[PDB]
Amino acid sequence: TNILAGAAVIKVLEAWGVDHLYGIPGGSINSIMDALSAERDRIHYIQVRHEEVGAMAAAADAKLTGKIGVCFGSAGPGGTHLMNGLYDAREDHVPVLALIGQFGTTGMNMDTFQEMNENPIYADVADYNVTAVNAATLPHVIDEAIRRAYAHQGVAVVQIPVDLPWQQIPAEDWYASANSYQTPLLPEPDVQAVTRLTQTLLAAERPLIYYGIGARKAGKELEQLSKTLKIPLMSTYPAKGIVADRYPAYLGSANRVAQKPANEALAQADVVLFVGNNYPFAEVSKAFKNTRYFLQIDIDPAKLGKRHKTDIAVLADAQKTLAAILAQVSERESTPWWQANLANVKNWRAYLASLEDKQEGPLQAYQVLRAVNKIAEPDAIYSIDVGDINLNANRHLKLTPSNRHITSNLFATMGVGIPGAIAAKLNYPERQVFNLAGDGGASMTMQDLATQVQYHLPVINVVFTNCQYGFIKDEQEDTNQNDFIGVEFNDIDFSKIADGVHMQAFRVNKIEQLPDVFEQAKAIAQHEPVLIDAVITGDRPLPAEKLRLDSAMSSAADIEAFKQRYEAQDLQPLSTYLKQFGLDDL
Amino acid sequence: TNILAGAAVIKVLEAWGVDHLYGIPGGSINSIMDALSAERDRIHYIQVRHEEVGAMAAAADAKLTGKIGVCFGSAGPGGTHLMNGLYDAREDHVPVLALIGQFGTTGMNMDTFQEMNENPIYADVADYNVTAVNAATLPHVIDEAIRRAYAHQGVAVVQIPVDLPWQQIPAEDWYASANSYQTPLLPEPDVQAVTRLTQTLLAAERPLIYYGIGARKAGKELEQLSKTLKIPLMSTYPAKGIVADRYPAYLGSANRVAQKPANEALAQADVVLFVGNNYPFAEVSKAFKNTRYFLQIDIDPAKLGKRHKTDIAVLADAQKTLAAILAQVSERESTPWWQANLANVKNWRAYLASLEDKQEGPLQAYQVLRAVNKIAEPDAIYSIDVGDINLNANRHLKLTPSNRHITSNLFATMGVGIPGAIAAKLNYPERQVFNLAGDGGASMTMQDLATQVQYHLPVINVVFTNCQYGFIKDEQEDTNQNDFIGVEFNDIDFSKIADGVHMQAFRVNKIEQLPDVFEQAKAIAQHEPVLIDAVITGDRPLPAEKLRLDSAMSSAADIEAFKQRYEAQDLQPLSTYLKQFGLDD
Amino acid sequence: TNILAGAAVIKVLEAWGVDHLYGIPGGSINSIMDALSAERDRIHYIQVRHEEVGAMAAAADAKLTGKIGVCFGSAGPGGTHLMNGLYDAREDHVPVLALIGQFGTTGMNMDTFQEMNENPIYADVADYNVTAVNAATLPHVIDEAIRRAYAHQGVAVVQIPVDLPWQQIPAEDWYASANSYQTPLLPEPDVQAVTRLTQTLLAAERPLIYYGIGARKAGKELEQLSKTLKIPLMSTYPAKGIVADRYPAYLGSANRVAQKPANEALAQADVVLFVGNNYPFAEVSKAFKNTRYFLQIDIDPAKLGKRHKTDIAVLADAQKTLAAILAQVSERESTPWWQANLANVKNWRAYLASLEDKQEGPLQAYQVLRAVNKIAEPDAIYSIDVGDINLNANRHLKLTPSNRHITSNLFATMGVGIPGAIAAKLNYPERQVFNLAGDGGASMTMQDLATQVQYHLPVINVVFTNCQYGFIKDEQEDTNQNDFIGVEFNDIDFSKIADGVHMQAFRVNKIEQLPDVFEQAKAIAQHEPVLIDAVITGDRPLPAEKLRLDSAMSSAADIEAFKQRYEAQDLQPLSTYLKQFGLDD
Ligand SMILES: Cc1cc2nc3c(=O)[nH]c(=O)nc-3n(C[C@H](O)[C@H](O)[C@H](O)COP(=O)(O)OP(=O)(O)OC[C@H]3O[C@@H](n4cnc5c(N)ncnc54)[C@H](O)[C@@H]3O)c2cc1C
Ligand SMILES: Cc1cc2nc3c(=O)[nH]c(=O)nc-3n(C[C@H](O)[C@H](O)[C@H](O)COP(=O)(O)OP(=O)(O)OC[C@H]3O[C@@H](n4cnc5c(N)ncnc54)[C@H](O)[C@@H]3O)c2cc1C
Ligand SMILES: Cc1cc2nc3c(=O)[nH]c(=O)nc-3n(C[C@H](O)[C@H](O)[C@H](O)COP(=O)(O)OP(=O)(O)OC[C@H]3O[C@@H](n4cnc5c(N)ncnc54)[C@H](O)[C@@H]3O)c2cc1C
Ligand SMILES: Cc1ncc(C[n+]2csc(CCOP(=O)(O)OP(=O)(O)O)c2C)c(N)n1
Ligand SMILES: Cc1ncc(C[n+]2csc(CCOP(=O)(O)OP(=O)(O)O)c2C)c(N)n1
Ligand SMILES: Cc1ncc(C[n+]2csc(CCOP(=O)(O)OP(=O)(O)O)c2C)c(N)n1
Ligand SMILES: [Mg+2]
Ligand SMILES: [Mg+2]
Ligand SMILES: [Mg+2]
């Protein structure tokens, strides 16, 4: 007939199906720790080495499974360390609960040790942000935070004065509303609007279907629409793998973490079907500047007409809408536009294969990723950090609907590779998990390699050591007038870092070393984490947003220099293929 | 070809169908003003006398029509004056766009005159809160603000450096996304959840259906479910009028702005169907402590199981779900529970009528509200302020589906009567509009009586002058150890205030004066605003949350005292009627 | 032995010497109310009619006396209504304590009625901003709030869950730290910096001393430095009256709420001594573009070199430093610069007198202010609203060191006239108090005329009724392309508003009516408030920032037009006087 409030809080977490949660203890959160300790057989605390990793891992949990991620930080600095993961959750719109320690209510507002008003710290990041002041309502406040975080797809933060969880409350009054949870209703496509949309799409001279992760349930429909109608596909970077990369009319993504065929085609398209997509570069890059008709399908009214003016907007679930389109169309014959794009994709893929297929000499990112592909299981999960790896993984990983990949899509916090892989292995112990990270990003969260060791999480860590912030060096090349600054730095030997945390590891710097090292890693990771430190060149990846290949656009000198720098002697501009099939370049 | 960015902003407002907007000019917003000035045929600027009235009116526009309300304030104090209306919009979850003036970009962050970082001011109230820094993107920012305010049912705030609207931008780049706006088509209510909910409701001995304004489209279904199944109805106060008040099994609302039958029945119910309802008193009042099964229908996942542990919570539209229940049920004969509740309602209504039907003597709020009922058109709109008037209007107004009534439901800001009535008349110039306000709340926004005059808005204003913050006086009676403080104050003659703003007006203090003054006001308000200042007694209205009528519950002395104070000699407790029909309390 | 925590809170206020505090009660603050109710002999609660007036009055208390002002608001809308006064206190850097009601701790975070997280609301305005969560520490939190508000010269806000003040706490634990309060003893002004500053000032050909209210203790030194050295004086508008306006070398203020001689001389000066001054127009107006050497004296390191590149900036007290200058200088003979400025002032004052001295015809603001001067006591206090009244009062009031005047200096919130006058009369019941307000600003806070009546505060209210936001109309004339909008509106008869709150009042519209109405008002205000509603013309006051008088600068046609519009035929540009005394412009 009494229960400690902290025990009730843990029971609320259990009712909501939380399996694991992350943080670092402190006096200010030791009463939650005490309750966790008693519940260790039913809910699983993961002690991280820096609280940002806990927050990042919580966000990654939710990205992966759709289940609210849970993290905590002790008062003051524990909680402020969560921020990069909390902002990742906000911007990637995934549910996360963050608990923040606080001084007991008898010492709050006394200016005592590490005691401050913590509520304003979290006001900007959080959907729901409260300091608890009563023990008997604390289960409700946690319940409320969870329910809001789910409903609103974002972060709920509760600051908990440490006395409250040690107070007895009536056993029979508290409850969880987990039993009542439901996911949002999937609205239906208006029949006449879909018919009009379909007519406009079919009348297009140079159509494209351009989807994001809002279409993640619709890969079959996307590929069949493409095949039936002879309409190429392109996607946001995060939507890579929804349709298998091998599909010959998959163009890739646009902008910079991009593939050449997608940029080139988008510039020529007259009609775009923009589906489940909130591409953030739309306006700033003038992506749709010459698009004649723009057709949008999205579940969120806040998105309709956001990125360009729509000619037809459908507020509906992507898969229901795409299914409705598919059900009212029949097979169309080939067109010049279709064949031009198919030929362009083959040329591009041959380029990427030529980089991958080198067998000896100085190691580049491209062969490292080929070596990843060669040991990758069909349902592998990839946690990808932030930098050139997004660009290179987007081009080289061979994904299918069976895979998952995650990064910090929009906040783009470096350091997520390690935490996302921790989360992935916890959620999918029987699936192969990679952490693909640059040296700058791996550096930021390197201590939590120890967490993979501690919890025996068999992640395959691959660090891309260029001794640079390469992504930023290339930006300075593009914009800055004075010499590079802050973008070239000393080596860190991550094989030695791994040794220090008691993780098996390898360092390689030559292409010919890859096959055996990756086989060894593949086998180690049947039981324990492993790290490969790939010492790679400073070669810049081909900039798909700065092509110098079309005689009509670029000087001979510039073309020659581009081909030489990027080993791109066999790449053709899309206009070559347009011209073969009798179309103008526009 | 170029367009001024401010002109494009006004065209974005026009594209979204904004009819009218409110504010007070200042140097820091004079470039938006300049754009408005060229567009008087197409959008109608309402100059208020205090910016809070503009914000409150913008919220009221959206409460009434479902279409975004728009207001503005000049840099610094113009914008901070919006707050009570912006918080009203946030808490009543209605879409409002607020534009805030700011110093030009060349002087921002110089600590110049009335120049501050304005963004933090609005961070808490606003769903979307940005300072614009570019002219070419300004139309998009306004469009984005509107689209989010709608999507998220709340407040969007844009701080606009005054230079930007005077800059030329390319004419053919900007657009509005109003053309994309639509409402979702939903699947069928979840068949197997609704079927199991229905069985639990029908198996109950003492069922109630307890709805809020999320059931605003479901009045017909509510009443027919009630009649067919013999299940009494109760509502949130704001949900008054969704089912006509005359319906004999409408119990009213619970808690304090409440009616006796609803409080009494809720304490007895074994099963409650909670539909379209976010009653904020649920937990603090232990409203459902006795309830065996708690069933919910709501459109918002964030609400499912929120207010009480819920046995079945259906995520669906209220009307559609109630219609799907009604399609799977059929007539039940009258039950003792049904008859007891019917009898209890009849007794309560006789009490209220006895108060209304006095013909002479010192004026009370009760007769004033009878006089409003006797001049009210069937489709009248009521803008109601905050205080005893919520309590009294909830009991006495005779509403039907044809009426609307609005107040500040959850933020409960006083002063909302005047601005809500302004908004109602602007939206519905052919409908009768009342502002029902206590003296305290009318005082707070009294200067905007001049706005009704200036714009020839024929509101019937009724001020309830008790020379008190009566609602708070009664609270102090209940809780405070020491003498009343801050709750009794000196008279203001609102007939004289009205004369000062050039509005026709009357002051009355006797019951027998009401008929001819209200007839005159009804006639004046065919063409011009009017005010009636009703000088009322300090009598405390019956506290439905503090009943002393049941001799099983309360001492004879307490009952005697209650009956005396509240003129309640003929009220019977619900237990009398339960017993009459063979039920235990 | 125990004490209620609320009683201890009131004793903390008493320990700090708080005489009076303002607010409106509500359930969410009724436990503080209960404590106040037991302490009426020792602290005086002023029930206002809108919480913004309480916040504005609290700020005004501190502006006037230097002692913390105290206000409160009920949860949600009571507290948000404080904002315009709290931002006034922040921007005018005066100490204010604001108490905000909150739901009891047992219902916080339940989404109950008018319950929200209130802490983010006040985060931007407040130096200190906390929600109390314990009764035993509540006295300390209030003490801490006060001590910080003083130390940091700004606003401290405490949100108080209503249960805490009704809890018993140990009687002998709590304390106040008022007994520790004191002011610092400072070293000598830096000797070698002051000596080098002095040489630079004296070497100038066209020096000016330009002071703000940081020189409030230095009026004697300012005037004697000016007279001895033959250096004209100019000030910020708020610094009017530190040196008597009659002083022949007082030029006035610069920019718009300005006087012609100050703008003209500043543009010519080679050396400016900027003392106790944070003039917010410095950079945006390029005030010092022509100045060769810029010298500063200020008490705040944050100000040193802030407004212009500074040759010598002395961190010191203004009075002490000006006295140390005066002790190291001696008489200089009259210079051409001195004589030119003297002549320019004489010509300007003759212009203002010509406006004041009209005896009959349509009433203008100028004669109203003459009529105020002719009933004003030598130690009168003026609470001034925001608009043309700042401009006109700055030109026409004849102040001395014995007067005080206050407005919202930097936030510039309209509506401050009424509350500032309430605060002035509460602090100084034996001193004559005026509220000088435009119709727009008086409208915003008109209901609190009833507070003057209720508390028998004999303010002389003078409303300048032009049926415009005149200050903004003139801005639109200057900047806007399209027609005036939002700046001309329908009359309010403030004599009738006054009658409605039971205040004696007059309305005048002709110059010849002024003497007998102002005499009557002077006499009424020996015992009761009074209001004069002065119906004034729409004439634009001379724009000192837009002078068209110098034929080297302006066309003959522009000069002719300026002279006609502003009745300025006899004004001469400063260059005339510079030439007369042998100086180039
Ligand atoms: C270093 C770095 C660089 C990057 N640069 C690029 C780049 O050059 N190119 C690129 O493409 N990306 C890039 N990104 C990612 C980019 O920032 C955006 O996150 C991404 O383009 C947006 O993808 P999205 O629209 O699929 O996802 P989101 O932004 O999450 O949008 C999903 C959309 O789907 C809608 N939706 C959700 N569910 C449904 C449903 N059931 N039915 C219909 N609609 C639904 C949503 O409402 C929303 O509009 C980069 C990332 C990193 C880390
Ligand atoms: C001075 C004062 C005192 C008051 N005291 C009382 C009192 O004693 N008693 C009282 O009853 N009220 C009182 N109120 C009002 C009270 O604060 C709450 O605002 C009110 O009880 C909540 O009403 P609601 O649930 O209808 O509205 P809301 O709080 O707006 O909730 C609407 C609900 O409907 C759901 N919904 C919306 N659309 C749909 C749909 N299509 N289908 C299904 N669900 C939908 C929403 O998700 C939400 O849960 C008072 C007001 C004032 C001014
Ligand atoms: C509608 C309106 C229009 C206005 N327009 C004008 C205008 O055109 N012209 C104008 O002049 N004003 C105008 N003002 C006022 C203006 O906004 C500023 O408030 C004013 O110019 C600044 O005055 P200040 O420097 O005296 O005061 P503050 O800004 O308060 O600065 C006081 C300075 O003194 C220093 N200080 C304090 N104590 C001491 C000490 N003991 N010793 C030394 N230094 C000390 C401080 O550190 C600070 O730097 C207007 C006001 C309104 C309401
Ligand atoms: C925490 C953080 N700081 C800075 C950035 C900006 N940033 C984006 S990519 C990048 C460089 C990443 O370097 P590295 O991980 O070494 O990858 P590379 O591009 O060299 O492969 C930087 C600094 C960021 N996104 N996150
Ligand atoms: C702006 C604001 N301040 C304070 C309150 C608290 N409050 C709720 S009702 C009330 C009294 C209302 O008085 P009045 O308008 O005279 O109505 P009465 O109850 O006397 O009829 C007060 C002060 C509030 N809701 N809004
Ligand atoms: C609350 C508030 N809203 C807007 C402004 C902008 N403002 C500065 S002066 C002014 C006009 C004042 O009009 P009035 O009080 O009638 O004085 P007048 O200039 O007509 O004498 C306005 C609207 C402000 N300072 N405060
Ligand atoms: Mg690197
Ligand atoms: Mg009242
Ligand atoms: Mg005016």
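These values consider heavy atoms only, across backbone and side chains, with no hydrogens, waters or symmetry-generated copies. Numbered from 1 within each chain, the chains take letters A, B, ... in sequence-line order.
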Candidate pair C:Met56 and C:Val48, rule side chain to side chain contact (heavy atoms under 4.5 Å, CB included), full reasoning: CA-CA 11 Å; C:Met56 293 172 164; C:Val48 294; over 6 Å; no
Ion pair check, C:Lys522 and C:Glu377, cut-off under 4.0 Å: no
Criterion side chain to side chain contact (heavy atoms under 4.5 Å, CB included) on C:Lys260 and C:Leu571, from CA distance to verdict: CA-CA 10 Å; C:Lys260 163 183 180 296; C:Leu571 279 180; 4.3 Å; yes
N-O pairing of C:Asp245 and C:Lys240 below 4.0 Å: yes
Mutual orientation of the aromatic rings belonging to C:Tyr210 and C:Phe274 [parallel < 30°, tilted 30-60°, perpendicular > 60°]: perpendicular
Side-chain ion pair, C:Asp317 and C:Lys320, N-O less than 4.0 Å: no
Greater than 12 external heavy atoms within 6.0 Å of C:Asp570's CG: no
C:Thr407 and C:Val416: CA distance, side-chain angles, deciding distance, side chain to side chain contact (heavy atoms under 4.5 Å, CB included) verdict: CA-CA 7 Å; C:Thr407 191; C:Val416 78; 4.0 Å; yes
C:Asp379 and C:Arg431 ion-paired at < 4.0 Å: yes
Axial cation check for C:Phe471 ring with C:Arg256, 6.0 Å and 45° limits: yes
Neighbour count above 12 (heavy atom, 6.0 Å) for C:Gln504 CD: no
C:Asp92 bridged to C:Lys63 by N-O distance under 4.0 Å: yes
Centroid-centroid under 6.0 Å between C:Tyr366 and C:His396 rings: yes
Crowding at NZ, C:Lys398 (>12 non-hydrogen neighbours, <6.0 Å): no
Test: C:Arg507 and C:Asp533 ion pair at under 4.0 Å: yes
Parallel, tilted or perpendicular, as decided by the 30° and 60° cut-offs, for the rings of C:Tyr382 and C:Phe434: parallel
Carboxylate-amine/guanidinium contact B:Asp111 C:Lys306, below 4.0 Å: yes
Criterion side-chain contact (heavy atoms from CB on, under 4.5 Å) against C:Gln452, the qualifying member of C:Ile422, C:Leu531, C:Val501: C:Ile422
C:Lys374 NZ: over 12 foreign heavy atoms closer than 6.0 Å: yes
